[PDB]
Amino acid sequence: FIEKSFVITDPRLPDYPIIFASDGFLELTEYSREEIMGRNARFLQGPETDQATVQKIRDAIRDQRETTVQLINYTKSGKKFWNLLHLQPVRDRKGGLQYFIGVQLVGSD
């Protein structure tokens, strides 16, 4: 889904850096690709983000399972939005986790 907001992260590098951010992710978050690359996606969180939901994401990553959650995130300018976030593990030919894809399916409402 090239036309959506998504990032691809590399679990095989320290702290799951973003290695690709789609045009839609730039549009949603207001950050530049240069401001995003190599970061962990948690930079989108802020004071109003529910930690119980952050824990659910941790668990999904630990267990390498697909999941969907809703949580408050923040654009570069500090604007709050509800993010319906879908996380999808991608495995290589040998069954080993290779990427995690995160789609911000809906940004607010």
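One rule holds for the numbers: they count along the sequence shown, beginning at 1.
Look at the mean CA B-factor for 100 to 108 and for 4 to 12 in the entry; the higher one is 100 to 108. Here 54 to 62 and 31 to 39 are compared by their mean Cα B-factor, and 31 to 39 comes out higher. Among the modelled residues of its chain, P17 has a C-alpha B-factor that falls in the lowest third according to the deposited record. In the deposited entry, the Cα temperature factor of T68 places it in the middle third of its chain's modelled residues. Among the modelled residues of the chain, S77 sits in the highest third by CA temperature factor in this PDB entry.
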